[PDB]
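What follows is a single chain, given as structure tokens, in the form deposited in one PDB entry.
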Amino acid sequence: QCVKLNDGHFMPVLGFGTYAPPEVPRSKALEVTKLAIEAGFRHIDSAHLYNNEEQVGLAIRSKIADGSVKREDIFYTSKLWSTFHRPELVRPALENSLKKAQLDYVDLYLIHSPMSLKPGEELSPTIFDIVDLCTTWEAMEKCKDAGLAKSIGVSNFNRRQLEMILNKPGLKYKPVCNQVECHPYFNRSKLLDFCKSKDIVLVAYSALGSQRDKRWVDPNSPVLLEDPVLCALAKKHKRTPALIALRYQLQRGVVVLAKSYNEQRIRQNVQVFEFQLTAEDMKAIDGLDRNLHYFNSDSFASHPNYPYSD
């Protein structure tokens, strides 16, 4: 239940999303990540941005300590925040994430976003920065060579941003993945074909339609999990709309994340491996595509490097 990455490492095809908004107590992250591992998740997705790396790292170390899993059975991802794009800041930012989680290495480190922000400890300084992401990428390469990250990749990059890295003079390591918003309303078919042509894995976030956080998501936007085609497919397969949306991705060759802080829904989500969709089903889902990205905020849209500009 793994995909082989372009550097020889393996990535579990279903990942646990760990972001929760700051009104959720930090202690929840520890509890739900343990539940995710007990359920059968082996891919755990975190980031400096999420302010949960201590808890998530502790959940992983607990499950190693109690004997359920070994470190090498867990694929752990963190991400370089956008205030740390300057090359000399990359490795220290990774080392801080590692110290927070109390781990020797991350399976995957990503550039969280191509939209550089003014350097500082403040996450949302209130202001943009201009940085050659090719130099950021060089510093990511050195973190791989150092054994700080097994694999390195990008997140929120469009085709052109991804091409910039791929065409870089003296490239040593291709991004193994690009983790992007991806679900039946914004299925990224063209970007997905581009990544397949390069042996780069596309990892889908907001695959269940996002947490609909009012800071970036319009509450008027359609609720993906109430979609009538999804609901009709869930009735046909006697599963749930969430399960259909996750299975859709696996059948497209997409690595899919699923966040849930709910005990029942965490266990429910690993049922994605227990059924499959037919071609007529996949076509019905493909027909939902309507260029809708839930994250739709002035914070992003006015950035010189906004990925949805193309």
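Start at 1 with the first residue shown and count on from there. Throughout, rigid core stands for the largest set of C-alpha atoms superposing within 1.5 Å between the two forms. Only residues modelled in both forms are compared.
Count the deposited residues lacking coordinates between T126 and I127 and you get 4 to 9 of them. Legend: mean Cα B-factor per stretch from the PDB entry, 59-67 versus 41-49; the higher mean is in 59-67. Of the two segments, 236-244 and 166-174, the one listed with the higher mean B-factor is 166-174 (C-alpha atoms only). Comparing the C-alpha B-factors of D145, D218, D107, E181 in the entry, the top value falls on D145. The deposited CA B-factor of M11 belongs to the middle third of values across its chain. Split the chain's modelled residues into thirds by C-alpha temperature factor. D298 is in the middle one. Among the modelled residues of its chain, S27 has a C-alpha B-factor that falls in the highest third according to the deposited record. Residue-level temperature factors show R86 in the middle third of its chain, judged at the C-alpha atom.
For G17, the recorded CA B-factor ranks within the lowest third of the chain. Only modelled residues enter the ranking.
Another form exists, deposited in another entry; not displayed. Remarks below refer to it.
Just one of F10, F300, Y294, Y19 moves its Cα by 2 Å or more between the shown form and the other one on a rigid core overlay, and this residue is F300.
Whereas the shown form places them at one spacing, the Cα atoms of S302 and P219 lie at least 3 Å farther apart in the other form. Relative to this form, the distance between the C-alpha atoms of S97 and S299 is increased by at least 3 angstroms in the other form.
Listed alone, 297-304 marks the only place where three or more consecutive residues have CA shifts of 2 Å or more between the shown form and the other one on superposition of the core.
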